[PDB]
$ cat target.tsv   # TSV, N, CA and C atoms
chain	number	residue	atom	x	y	z
A	22	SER	N	97.64	-29.88	41.47
A	22	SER	CA	96.32	-29.35	41.05
A	22	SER	C	95.74	-30.24	39.97
A	23	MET	N	94.42	-30.19	39.85
A	23	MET	CA	93.75	-30.94	38.82
A	23	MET	C	94.12	-30.32	37.46
A	24	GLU	N	94.29	-28.99	37.39
A	24	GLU	CA	94.72	-28.33	36.13
A	24	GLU	C	96.11	-28.85	35.62
A	25	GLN	N	97.11	-28.97	36.52
A	25	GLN	CA	98.47	-29.45	36.12
A	25	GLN	C	98.36	-30.87	35.58
A	26	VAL	N	97.55	-31.68	36.23
A	26	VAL	CA	97.29	-33.05	35.71
A	26	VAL	C	96.71	-33.09	34.28
A	27	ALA	N	95.66	-32.29	34.05
A	27	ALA	CA	94.99	-32.23	32.72
A	27	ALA	C	95.98	-31.75	31.63
A	28	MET	N	96.84	-30.79	32.01
A	28	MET	CA	97.89	-30.30	31.13
A	28	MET	C	98.90	-31.42	30.80
A	29	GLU	N	99.35	-32.11	31.85
A	29	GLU	CA	100.17	-33.30	31.70
A	29	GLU	C	99.55	-34.38	30.80
A	30	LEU	N	98.25	-34.63	30.93
A	30	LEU	CA	97.58	-35.60	30.07
A	30	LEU	C	97.59	-35.15	28.59
A	31	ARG	N	97.33	-33.85	28.33
A	31	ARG	CA	97.46	-33.24	26.96
A	31	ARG	C	98.87	-33.45	26.40
A	32	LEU	N	99.89	-33.17	27.21
A	32	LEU	CA	101.30	-33.36	26.80
A	32	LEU	C	101.58	-34.83	26.47
A	33	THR	N	101.00	-35.72	27.27
A	33	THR	CA	101.19	-37.15	27.04
A	33	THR	C	100.57	-37.57	25.72
A	34	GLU	N	99.41	-37.01	25.42
A	34	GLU	CA	98.73	-37.35	24.18
A	34	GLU	C	99.42	-36.72	22.96
A	35	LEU	N	99.90	-35.50	23.12
A	35	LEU	CA	100.72	-34.84	22.06
A	35	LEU	C	101.94	-35.70	21.76
A	36	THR	N	102.58	-36.18	22.83
A	36	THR	CA	103.73	-37.05	22.71
A	36	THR	C	103.36	-38.29	21.99
A	37	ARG	N	102.20	-38.88	22.28
A	37	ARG	CA	101.79	-40.11	21.60
A	37	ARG	C	101.58	-39.86	20.09
A	38	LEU	N	100.95	-38.74	19.77
A	38	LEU	CA	100.73	-38.37	18.36
A	38	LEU	C	102.08	-38.10	17.63
A	39	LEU	N	102.97	-37.33	18.26
A	39	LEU	CA	104.28	-37.03	17.65
A	39	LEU	C	105.15	-38.27	17.48
A	40	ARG	N	105.00	-39.25	18.36
A	40	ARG	CA	105.71	-40.49	18.21
A	40	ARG	C	105.30	-41.19	16.90
A	41	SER	N	104.00	-41.29	16.64
A	41	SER	CA	103.52	-41.88	15.38
A	41	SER	C	103.97	-41.05	14.13
A	42	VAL	N	103.91	-39.72	14.24
A	42	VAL	CA	104.41	-38.84	13.18
A	42	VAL	C	105.89	-39.17	12.94
A	43	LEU	N	106.66	-39.30	14.01
A	43	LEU	CA	108.10	-39.54	13.85
A	43	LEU	C	108.38	-40.86	13.17
A	44	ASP	N	107.59	-41.88	13.52
A	44	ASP	CA	107.77	-43.20	12.88
A	44	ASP	C	107.45	-43.14	11.40
A	45	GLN	N	106.36	-42.47	11.04
A	45	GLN	CA	106.00	-42.26	9.65
A	45	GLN	C	107.10	-41.49	8.86
A	46	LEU	N	107.68	-40.49	9.49
A	46	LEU	CA	108.76	-39.68	8.83
A	46	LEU	C	110.01	-40.49	8.63
A	47	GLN	N	110.38	-41.21	9.67
A	47	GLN	CA	111.50	-42.07	9.60
A	47	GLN	C	111.37	-43.21	8.56
A	48	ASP	N	110.17	-43.73	8.29
A	48	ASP	CA	110.00	-44.71	7.18
A	48	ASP	C	110.29	-44.13	5.81
A	49	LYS	N	110.21	-42.80	5.67
A	49	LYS	CA	110.57	-42.16	4.41
A	49	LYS	C	112.08	-42.00	4.24
A	50	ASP	N	112.85	-42.61	5.14
A	50	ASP	CA	114.32	-42.62	5.08
A	50	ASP	C	114.78	-44.08	5.23
A	51	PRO	N	114.44	-44.93	4.23
A	51	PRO	CA	114.76	-46.37	4.39
A	51	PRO	C	116.25	-46.64	4.43
A	52	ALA	N	117.05	-45.76	3.83
A	52	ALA	CA	118.50	-45.94	3.85
A	52	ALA	C	119.13	-45.57	5.22
A	53	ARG	N	118.36	-44.94	6.11
A	53	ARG	CA	118.84	-44.58	7.44
A	53	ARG	C	119.99	-43.54	7.44
A	54	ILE	N	119.92	-42.64	6.46
A	54	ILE	CA	120.88	-41.57	6.31
A	54	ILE	C	120.75	-40.58	7.46
A	55	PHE	N	119.51	-40.36	7.91
A	55	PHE	CA	119.20	-39.42	9.02
A	55	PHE	C	118.90	-40.03	10.43
A	56	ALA	N	119.16	-41.34	10.56
A	56	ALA	CA	118.90	-42.11	11.77
A	56	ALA	C	119.69	-41.65	12.98
A	57	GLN	N	120.96	-41.27	12.77
A	57	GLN	CA	121.85	-40.96	13.89
A	57	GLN	C	122.62	-39.64	13.66
A	58	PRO	N	123.17	-39.02	14.71
A	58	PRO	CA	123.96	-37.83	14.46
A	58	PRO	C	125.14	-38.05	13.50
A	59	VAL	N	125.46	-37.01	12.74
A	59	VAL	CA	126.69	-37.04	11.92
A	59	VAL	C	127.88	-37.28	12.88
A	60	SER	N	128.68	-38.31	12.63
A	60	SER	CA	129.82	-38.66	13.50
A	60	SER	C	130.94	-37.58	13.44
A	61	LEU	N	131.30	-37.04	14.59
A	61	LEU	CA	132.41	-36.10	14.68
A	61	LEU	C	133.74	-36.80	14.63
A	62	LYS	N	133.78	-38.09	14.97
A	62	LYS	CA	135.00	-38.88	14.67
A	62	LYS	C	135.22	-38.93	13.17
A	63	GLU	N	134.19	-39.25	12.38
A	63	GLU	CA	134.31	-39.34	10.88
A	63	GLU	C	134.22	-38.03	10.02
A	64	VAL	N	133.57	-37.00	10.56
A	64	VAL	CA	133.54	-35.67	9.95
A	64	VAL	C	133.95	-34.69	11.04
A	65	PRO	N	135.28	-34.65	11.34
A	65	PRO	CA	135.77	-33.83	12.46
A	65	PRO	C	135.44	-32.33	12.32
A	66	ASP	N	135.26	-31.82	11.12
A	66	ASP	CA	135.03	-30.38	10.89
A	66	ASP	C	133.52	-30.01	10.79
A	67	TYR	N	132.64	-30.99	11.10
A	67	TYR	CA	131.22	-30.82	10.79
A	67	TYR	C	130.65	-29.56	11.49
A	68	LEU	N	131.04	-29.34	12.73
A	68	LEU	CA	130.50	-28.23	13.50
A	68	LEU	C	130.98	-26.84	13.06
A	69	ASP	N	132.04	-26.77	12.23
A	69	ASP	CA	132.48	-25.52	11.57
A	69	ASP	C	131.47	-25.18	10.45
A	70	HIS	N	130.75	-26.20	9.94
A	70	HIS	CA	129.78	-26.06	8.85
A	70	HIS	C	128.35	-25.94	9.36
A	71	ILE	N	127.98	-26.76	10.33
A	71	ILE	CA	126.62	-26.86	10.75
A	71	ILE	C	126.56	-26.56	12.23
A	72	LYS	N	125.87	-25.47	12.53
A	72	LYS	CA	125.82	-24.98	13.91
A	72	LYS	C	124.78	-25.64	14.79
A	73	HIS	N	123.71	-26.14	14.19
A	73	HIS	CA	122.71	-26.87	14.94
A	73	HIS	C	122.39	-28.27	14.31
A	74	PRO	N	123.19	-29.28	14.66
A	74	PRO	CA	123.00	-30.62	14.11
A	74	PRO	C	121.74	-31.24	14.62
A	75	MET	N	121.15	-32.11	13.81
A	75	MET	CA	119.94	-32.79	14.18
A	75	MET	C	119.85	-34.12	13.44
A	76	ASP	N	119.12	-35.06	14.02
A	76	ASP	CA	118.94	-36.42	13.47
A	76	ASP	C	117.74	-37.07	14.21
A	77	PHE	N	117.26	-38.18	13.70
A	77	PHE	CA	116.06	-38.79	14.20
A	77	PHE	C	116.28	-39.40	15.60
A	78	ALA	N	117.48	-39.91	15.92
A	78	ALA	CA	117.68	-40.43	17.28
A	78	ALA	C	117.63	-39.30	18.33
A	79	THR	N	118.19	-38.16	17.99
A	79	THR	CA	118.21	-37.03	18.92
A	79	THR	C	116.78	-36.50	19.09
A	80	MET	N	115.97	-36.50	18.03
A	80	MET	CA	114.54	-36.11	18.14
A	80	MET	C	113.78	-37.08	19.03
A	81	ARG	N	114.02	-38.39	18.87
A	81	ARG	CA	113.43	-39.43	19.66
A	81	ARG	C	113.75	-39.28	21.16
A	82	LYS	N	114.98	-38.94	21.53
A	82	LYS	CA	115.30	-38.67	22.95
A	82	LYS	C	114.47	-37.49	23.49
A	83	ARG	N	114.40	-36.43	22.70
A	83	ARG	CA	113.63	-35.28	23.11
A	83	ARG	C	112.14	-35.61	23.26
A	84	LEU	N	111.60	-36.33	22.30
A	84	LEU	CA	110.23	-36.78	22.34
A	84	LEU	C	109.88	-37.55	23.63
A	85	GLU	N	110.69	-38.54	23.98
A	85	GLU	CA	110.40	-39.39	25.12
A	85	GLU	C	110.62	-38.72	26.48
A	86	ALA	N	111.38	-37.64	26.50
A	86	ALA	CA	111.41	-36.73	27.63
A	86	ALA	C	110.21	-35.73	27.62
A	87	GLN	N	109.21	-35.96	26.75
A	87	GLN	CA	108.10	-35.00	26.51
A	87	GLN	C	108.66	-33.59	26.33
A	88	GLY	N	109.76	-33.48	25.59
A	88	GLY	CA	110.40	-32.20	25.34
A	88	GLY	C	109.80	-31.38	24.19
A	89	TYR	N	108.86	-31.94	23.43
A	89	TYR	CA	108.14	-31.12	22.43
A	89	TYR	C	106.81	-30.54	23.01
A	90	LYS	N	106.72	-29.23	23.12
A	90	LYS	CA	105.46	-28.58	23.64
A	90	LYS	C	104.33	-28.45	22.64
A	91	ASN	N	104.66	-28.53	21.35
A	91	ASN	CA	103.71	-28.33	20.26
A	91	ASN	C	104.33	-28.89	18.96
A	92	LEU	N	103.51	-29.09	17.94
A	92	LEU	CA	103.99	-29.54	16.65
A	92	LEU	C	105.01	-28.60	16.03
A	93	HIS	N	104.89	-27.29	16.23
A	93	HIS	CA	105.85	-26.35	15.61
A	93	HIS	C	107.33	-26.64	16.00
A	94	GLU	N	107.55	-26.94	17.28
A	94	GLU	CA	108.90	-27.23	17.80
A	94	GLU	C	109.49	-28.52	17.12
A	95	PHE	N	108.63	-29.52	16.96
A	95	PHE	CA	108.92	-30.79	16.33
A	95	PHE	C	109.29	-30.59	14.88
A	96	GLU	N	108.48	-29.84	14.16
A	96	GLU	CA	108.77	-29.49	12.79
A	96	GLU	C	110.06	-28.74	12.63
A	97	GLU	N	110.38	-27.87	13.59
A	97	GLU	CA	111.66	-27.14	13.51
A	97	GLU	C	112.85	-28.12	13.46
A	98	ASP	N	112.81	-29.11	14.34
A	98	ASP	CA	113.86	-30.15	14.39
A	98	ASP	C	113.87	-30.99	13.10
A	99	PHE	N	112.71	-31.33	12.55
A	99	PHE	CA	112.66	-32.11	11.31
A	99	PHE	C	113.27	-31.32	10.14
A	100	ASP	N	112.90	-30.07	10.07
A	100	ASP	CA	113.45	-29.15	9.11
A	100	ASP	C	114.96	-28.95	9.23
A	101	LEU	N	115.53	-28.96	10.45
A	101	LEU	CA	116.99	-28.89	10.61
A	101	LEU	C	117.67	-30.07	9.94
A	102	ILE	N	117.10	-31.26	10.12
A	102	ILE	CA	117.69	-32.49	9.49
A	102	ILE	C	117.89	-32.24	7.99
A	103	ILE	N	116.81	-31.79	7.37
A	103	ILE	CA	116.77	-31.63	5.93
A	103	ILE	C	117.70	-30.48	5.54
A	104	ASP	N	117.56	-29.35	6.24
A	104	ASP	CA	118.23	-28.10	5.76
A	104	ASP	C	119.76	-28.21	5.99
A	105	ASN	N	120.17	-28.89	7.06
A	105	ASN	CA	121.60	-29.09	7.36
A	105	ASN	C	122.22	-29.92	6.26
A	106	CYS	N	121.51	-30.97	5.89
A	106	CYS	CA	121.98	-31.92	4.84
A	106	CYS	C	122.15	-31.25	3.49
A	107	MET	N	121.18	-30.45	3.13
A	107	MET	CA	121.21	-29.69	1.90
A	107	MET	C	122.23	-28.53	1.81
A	108	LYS	N	122.77	-28.11	2.93
A	108	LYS	CA	123.86	-27.18	2.90
A	108	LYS	C	125.21	-27.91	2.90
A	109	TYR	N	125.38	-28.88	3.77
A	109	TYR	CA	126.64	-29.59	3.91
A	109	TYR	C	126.97	-30.38	2.68
A	110	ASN	N	125.96	-31.07	2.13
A	110	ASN	CA	126.18	-31.89	0.93
A	110	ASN	C	125.81	-31.20	-0.34
A	111	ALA	N	126.59	-31.42	-1.40
A	111	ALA	CA	126.27	-30.92	-2.73
A	111	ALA	C	125.06	-31.57	-3.36
A	112	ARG	N	124.47	-30.88	-4.31
A	112	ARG	CA	123.28	-31.31	-5.02
A	112	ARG	C	123.38	-32.68	-5.65
A	113	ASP	N	124.53	-33.01	-6.21
A	113	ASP	CA	124.69	-34.32	-6.90
A	113	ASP	C	125.20	-35.46	-5.95
A	114	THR	N	124.63	-35.57	-4.76
A	114	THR	CA	125.09	-36.59	-3.81
A	114	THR	C	123.91	-37.40	-3.38
A	115	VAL	N	124.17	-38.64	-3.00
A	115	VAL	CA	123.12	-39.46	-2.46
A	115	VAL	C	122.49	-38.81	-1.20
A	116	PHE	N	123.27	-38.08	-0.42
A	116	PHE	CA	122.79	-37.47	0.81
A	116	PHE	C	121.80	-36.37	0.52
A	117	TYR	N	122.18	-35.45	-0.36
A	117	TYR	CA	121.26	-34.30	-0.69
A	117	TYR	C	119.97	-34.85	-1.29
A	118	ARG	N	120.13	-35.78	-2.23
A	118	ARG	CA	118.94	-36.35	-2.88
A	118	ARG	C	118.00	-37.02	-1.87
A	119	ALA	N	118.56	-37.73	-0.89
A	119	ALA	CA	117.75	-38.35	0.16
A	119	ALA	C	116.95	-37.32	1.00
A	120	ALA	N	117.58	-36.16	1.30
A	120	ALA	CA	116.91	-35.07	2.00
A	120	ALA	C	115.73	-34.58	1.20
A	121	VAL	N	115.91	-34.40	-0.12
A	121	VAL	CA	114.86	-33.82	-0.94
A	121	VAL	C	113.64	-34.77	-0.89
A	122	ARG	N	113.90	-36.06	-0.99
A	122	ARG	CA	112.83	-37.08	-0.97
A	122	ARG	C	112.11	-37.16	0.38
A	123	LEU	N	112.87	-37.11	1.47
A	123	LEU	CA	112.31	-37.01	2.83
A	123	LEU	C	111.45	-35.77	3.06
A	124	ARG	N	111.91	-34.63	2.57
A	124	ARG	CA	111.15	-33.39	2.60
A	124	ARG	C	109.82	-33.56	1.85
A	125	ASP	N	109.91	-33.98	0.59
A	125	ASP	CA	108.72	-34.07	-0.26
A	125	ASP	C	107.69	-35.06	0.34
A	126	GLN	N	108.16	-36.24	0.75
A	126	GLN	CA	107.31	-37.26	1.32
A	126	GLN	C	106.83	-37.01	2.76
A	127	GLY	N	107.58	-36.22	3.52
A	127	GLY	CA	107.15	-35.84	4.85
A	127	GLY	C	106.03	-34.81	4.85
A	128	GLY	N	105.96	-33.99	3.79
A	128	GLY	CA	105.00	-32.87	3.69
A	128	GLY	C	103.56	-33.32	3.84
A	129	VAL	N	103.28	-34.48	3.25
A	129	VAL	CA	101.99	-35.16	3.32
A	129	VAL	C	101.66	-35.55	4.77
A	130	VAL	N	102.64	-36.13	5.47
A	130	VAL	CA	102.47	-36.60	6.86
A	130	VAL	C	102.27	-35.41	7.81
A	131	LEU	N	103.05	-34.35	7.61
A	131	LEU	CA	102.98	-33.13	8.42
A	131	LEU	C	101.73	-32.27	8.14
A	132	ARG	N	101.28	-32.28	6.89
A	132	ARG	CA	100.04	-31.65	6.47
A	132	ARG	C	98.85	-32.15	7.31
A	133	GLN	N	98.77	-33.47	7.53
A	133	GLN	CA	97.66	-34.03	8.28
A	133	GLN	C	97.85	-33.98	9.82
A	134	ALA	N	99.10	-34.10	10.27
A	134	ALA	CA	99.35	-33.95	11.69
A	134	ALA	C	99.01	-32.52	12.12
A	135	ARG	N	99.20	-31.50	11.28
A	135	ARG	CA	98.79	-30.13	11.64
A	135	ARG	C	97.27	-30.02	11.84
A	136	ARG	N	96.52	-30.75	11.02
A	136	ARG	CA	95.08	-30.79	11.14
A	136	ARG	C	94.66	-31.59	12.42
A	137	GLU	N	95.30	-32.74	12.71
A	137	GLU	CA	94.98	-33.55	13.93
A	137	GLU	C	95.28	-32.86	15.27
A	138	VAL	N	96.30	-32.01	15.27
A	138	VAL	CA	96.67	-31.21	16.43
A	138	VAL	C	95.73	-30.01	16.67
A	139	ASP	N	95.37	-29.29	15.60
A	139	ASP	CA	94.30	-28.26	15.61
A	139	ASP	C	92.93	-28.83	15.98
A	140	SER	N	92.61	-29.99	15.39
A	140	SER	CA	91.36	-30.70	15.63
A	140	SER	C	91.25	-31.18	17.10
A	141	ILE	N	92.11	-32.11	17.51
A	141	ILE	CA	92.09	-32.64	18.90
A	141	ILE	C	92.61	-31.67	19.99
A	142	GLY	N	92.98	-30.44	19.63
A	142	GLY	CA	93.37	-29.42	20.59
A	142	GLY	C	94.76	-29.65	21.13
$ encode --input "target.tsv" --output "structure tokens"
Amino acid sequence: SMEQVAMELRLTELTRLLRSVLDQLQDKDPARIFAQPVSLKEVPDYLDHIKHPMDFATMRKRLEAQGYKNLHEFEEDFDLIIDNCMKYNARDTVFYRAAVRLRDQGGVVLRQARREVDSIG
């Protein structure tokens, strides 16, 4: 149907916008602390602590499968990165501190992407 096509084109454009958002968020993590999943070889007990792991590579796979239906779903995954880190790691660690900075600096990027998604429909 012509309707399924137009829907598909909207999803493609949402994907294009979220890709740019993701690149901007990932630049706020220059140390690459959140680039890849926490290694279960190196932290064998991680899943006893964190029930829903998340990282920027796993978000990127989901993105390119057009697996995000809206900005809210994307933000949920971004928030998991930060919130998992802040529970697993103590306050006085390079890891926790990096999460706090990513959170604070991402807020600006997400503030405007919420307006661009409402604006462009």
$ residues_around --input "target.tsv" --residues "region 36-48 of chain A" --least-positions-apart "6" --cutoff "7 Å" --atoms "only N, CA and C atoms" --output "PDB file with N, CA and C atoms, in the coordinates of the input"
ATOM      1  N   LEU A  84     111.600 -36.330  22.300  1.00  0.00           N
ATOM      2  CA  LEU A  84     110.230 -36.780  22.340  1.00  0.00           C
ATOM      3  C   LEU A  84     109.880 -37.550  23.630  1.00  0.00           C
ATOM      4  N   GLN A  87     109.210 -35.960  26.750  1.00  0.00           N
ATOM      5  CA  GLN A  87     108.100 -35.000  26.510  1.00  0.00           C
ATOM      6  C   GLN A  87     108.660 -33.590  26.330  1.00  0.00           C
ATOM      7  N   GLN A 126     108.160 -36.240   0.750  1.00  0.00           N
ATOM      8  CA  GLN A 126     107.310 -37.260   1.320  1.00  0.00           C
ATOM      9  C   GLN A 126     106.830 -37.010   2.760  1.00  0.00           C
ATOM     10  N   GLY A 127     107.580 -36.220   3.520  1.00  0.00           N
ATOM     11  CA  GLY A 127     107.150 -35.840   4.850  1.00  0.00           C
ATOM     12  C   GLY A 127     106.030 -34.810   4.850  1.00  0.00           C
ATOM     13  N   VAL A 130     102.640 -36.130   5.470  1.00  0.00           N
ATOM     14  CA  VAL A 130     102.470 -36.600   6.860  1.00  0.00           C
ATOM     15  C   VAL A 130     102.270 -35.410   7.810  1.00  0.00           C
TER      16      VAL A 130
END
$ closest_residue --input "target.tsv" --among "A:103, A:32, A:131, A:141" --to "residue 119 (chain A)" --atoms "only C-alpha atoms"
A:103
$ atom_distance --input "target.tsv" --atom1 "atom C of residue 77 (chain A)" --atom2 "atom N of residue 99 (chain A)"
9.3 Å
$ atom_distance --input "target.tsv" --atom1 "CA of residue 34 (chain A)" --atom2 "atom C of residue 55 (chain A)"
24.6 Å
$ closest_residue --input "target.tsv" --among "A:138, A:92, A:78, A:71" --to "residue 56 (chain A)" --atoms "all atoms listed in the file"
A:78
$ select_by_dssp --input "target.tsv" --residues "region 49-122 of chain A" --states "helix (DSSP H, G or I)" --output "ChimeraX atom specification"
/A:67-70,77-85,92-109,115-122
$ atom_distance --input "target.tsv" --atom1 "atom C of residue 52 (chain A)" --atom2 "CA of residue 105 (chain A)"
16.8 Å
$ decode --input "target.tsv" --residues "region 78-107 of chain A" --atoms "N, CA and C atoms" --output "PDB file, in the first residue's frame"
ATOM      1  N   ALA A  78      27.255   0.352  21.155  1.00  0.00           N
ATOM      2  CA  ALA A  78      27.266  -0.560  20.002  1.00  0.00           C
ATOM      3  C   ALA A  78      25.933  -1.321  19.877  1.00  0.00           C
ATOM      4  N   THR A  79      25.367  -1.711  21.001  1.00  0.00           N
ATOM      5  CA  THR A  79      24.114  -2.451  20.995  1.00  0.00           C
ATOM      6  C   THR A  79      22.987  -1.511  20.528  1.00  0.00           C
ATOM      7  N   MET A  80      23.025  -0.233  20.907  1.00  0.00           N
ATOM      8  CA  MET A  80      22.038   0.753  20.403  1.00  0.00           C
ATOM      9  C   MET A  80      22.156   0.940  18.901  1.00  0.00           C
ATOM     10  N   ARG A  81      23.404   1.034  18.397  1.00  0.00           N
ATOM     11  CA  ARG A  81      23.697   1.158  17.001  1.00  0.00           C
ATOM     12  C   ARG A  81      23.159  -0.035  16.176  1.00  0.00           C
ATOM     13  N   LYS A  82      23.281  -1.266  16.660  1.00  0.00           N
ATOM     14  CA  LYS A  82      22.677  -2.423  15.957  1.00  0.00           C
ATOM     15  C   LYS A  82      21.146  -2.266  15.865  1.00  0.00           C
ATOM     16  N   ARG A  83      20.539  -1.877  16.976  1.00  0.00           N
ATOM     17  CA  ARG A  83      19.111  -1.694  16.986  1.00  0.00           C
ATOM     18  C   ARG A  83      18.672  -0.573  16.028  1.00  0.00           C
ATOM     19  N   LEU A  84      19.380   0.537  16.062  1.00  0.00           N
ATOM     20  CA  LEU A  84      19.131   1.636  15.168  1.00  0.00           C
ATOM     21  C   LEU A  84      19.127   1.226  13.682  1.00  0.00           C
ATOM     22  N   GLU A  85      20.162   0.523  13.242  1.00  0.00           N
ATOM     23  CA  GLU A  85      20.309   0.176  11.836  1.00  0.00           C
ATOM     24  C   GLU A  85      19.345  -0.922  11.364  1.00  0.00           C
ATOM     25  N   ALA A  86      18.797  -1.682  12.295  1.00  0.00           N
ATOM     26  CA  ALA A  86      17.641  -2.513  12.028  1.00  0.00           C
ATOM     27  C   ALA A  86      16.302  -1.719  12.053  1.00  0.00           C
ATOM     28  N   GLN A  87      16.371  -0.376  12.087  1.00  0.00           N
ATOM     29  CA  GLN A  87      15.193   0.499  12.292  1.00  0.00           C
ATOM     30  C   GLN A  87      14.348  -0.025  13.452  1.00  0.00           C
ATOM     31  N   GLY A  88      15.021  -0.447  14.524  1.00  0.00           N
ATOM     32  CA  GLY A  88      14.342  -0.976  15.699  1.00  0.00           C
ATOM     33  C   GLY A  88      13.834   0.084  16.687  1.00  0.00           C
ATOM     34  N   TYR A  89      14.171   1.362  16.492  1.00  0.00           N
ATOM     35  CA  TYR A  89      13.551   2.414  17.319  1.00  0.00           C
ATOM     36  C   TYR A  89      12.279   3.017  16.647  1.00  0.00           C
ATOM     37  N   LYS A  90      11.126   2.841  17.258  1.00  0.00           N
ATOM     38  CA  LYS A  90       9.846   3.403  16.691  1.00  0.00           C
ATOM     39  C   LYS A  90       9.618   4.883  16.960  1.00  0.00           C
ATOM     40  N   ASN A  91      10.308   5.421  17.960  1.00  0.00           N
ATOM     41  CA  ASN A  91      10.129   6.800  18.408  1.00  0.00           C
ATOM     42  C   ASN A  91      11.341   7.194  19.290  1.00  0.00           C
ATOM     43  N   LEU A  92      11.522   8.481  19.519  1.00  0.00           N
ATOM     44  CA  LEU A  92      12.587   8.961  20.386  1.00  0.00           C
ATOM     45  C   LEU A  92      12.489   8.412  21.806  1.00  0.00           C
ATOM     46  N   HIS A  93      11.295   8.205  22.336  1.00  0.00           N
ATOM     47  CA  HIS A  93      11.172   7.700  23.729  1.00  0.00           C
ATOM     48  C   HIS A  93      11.916   6.347  23.948  1.00  0.00           C
ATOM     49  N   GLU A  94      11.782   5.437  22.991  1.00  0.00           N
ATOM     50  CA  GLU A  94      12.419   4.106  23.075  1.00  0.00           C
ATOM     51  C   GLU A  94      13.985   4.246  23.083  1.00  0.00           C
ATOM     52  N   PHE A  95      14.485   5.157  22.260  1.00  0.00           N
ATOM     53  CA  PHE A  95      15.886   5.496  22.124  1.00  0.00           C
ATOM     54  C   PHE A  95      16.429   6.060  23.416  1.00  0.00           C
ATOM     55  N   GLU A  96      15.723   7.023  23.973  1.00  0.00           N
ATOM     56  CA  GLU A  96      16.074   7.583  25.251  1.00  0.00           C
ATOM     57  C   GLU A  96      16.087   6.582  26.359  1.00  0.00           C
ATOM     58  N   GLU A  97      15.157   5.617  26.319  1.00  0.00           N
ATOM     59  CA  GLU A  97      15.152   4.567  27.350  1.00  0.00           C
ATOM     60  C   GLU A  97      16.492   3.812  27.374  1.00  0.00           C
ATOM     61  N   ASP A  98      16.964   3.445  26.191  1.00  0.00           N
ATOM     62  CA  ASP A  98      18.247   2.743  26.048  1.00  0.00           C
ATOM     63  C   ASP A  98      19.429   3.637  26.485  1.00  0.00           C
ATOM     64  N   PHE A  99      19.397   4.922  26.154  1.00  0.00           N
ATOM     65  CA  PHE A  99      20.472   5.837  26.570  1.00  0.00           C
ATOM     66  C   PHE A  99      20.533   5.963  28.102  1.00  0.00           C
ATOM     67  N   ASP A 100      19.369   6.119  28.677  1.00  0.00           N
ATOM     68  CA  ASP A 100      19.211   6.148  30.110  1.00  0.00           C
ATOM     69  C   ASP A 100      19.670   4.866  30.818  1.00  0.00           C
ATOM     70  N   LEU A 101      19.474   3.683  30.209  1.00  0.00           N
ATOM     71  CA  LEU A 101      20.000   2.438  30.790  1.00  0.00           C
ATOM     72  C   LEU A 101      21.510   2.480  30.904  1.00  0.00           C
ATOM     73  N   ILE A 102      22.168   2.980  29.867  1.00  0.00           N
ATOM     74  CA  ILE A 102      23.663   3.080  29.882  1.00  0.00           C
ATOM     75  C   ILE A 102      24.108   3.800  31.156  1.00  0.00           C
ATOM     76  N   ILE A 103      23.494   4.962  31.366  1.00  0.00           N
ATOM     77  CA  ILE A 103      23.880   5.851  32.438  1.00  0.00           C
ATOM     78  C   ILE A 103      23.490   5.207  33.771  1.00  0.00           C
ATOM     79  N   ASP A 104      22.244   4.722  33.849  1.00  0.00           N
ATOM     80  CA  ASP A 104      21.698   4.324  35.176  1.00  0.00           C
ATOM     81  C   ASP A 104      22.376   3.009  35.640  1.00  0.00           C
ATOM     82  N   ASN A 105      22.716   2.127  34.696  1.00  0.00           N
ATOM     83  CA  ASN A 105      23.389   0.859  35.019  1.00  0.00           C
ATOM     84  C   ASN A 105      24.749   1.165  35.607  1.00  0.00           C
ATOM     85  N   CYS A 106      25.435   2.089  34.957  1.00  0.00           N
ATOM     86  CA  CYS A 106      26.805   2.496  35.370  1.00  0.00           C
ATOM     87  C   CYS A 106      26.835   3.092  36.769  1.00  0.00           C
ATOM     88  N   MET A 107      25.890   3.958  37.034  1.00  0.00           N
ATOM     89  CA  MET A 107      25.738   4.583  38.331  1.00  0.00           C
ATOM     90  C   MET A 107      25.275   3.683  39.490  1.00  0.00           C
TER      91      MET A 107
END
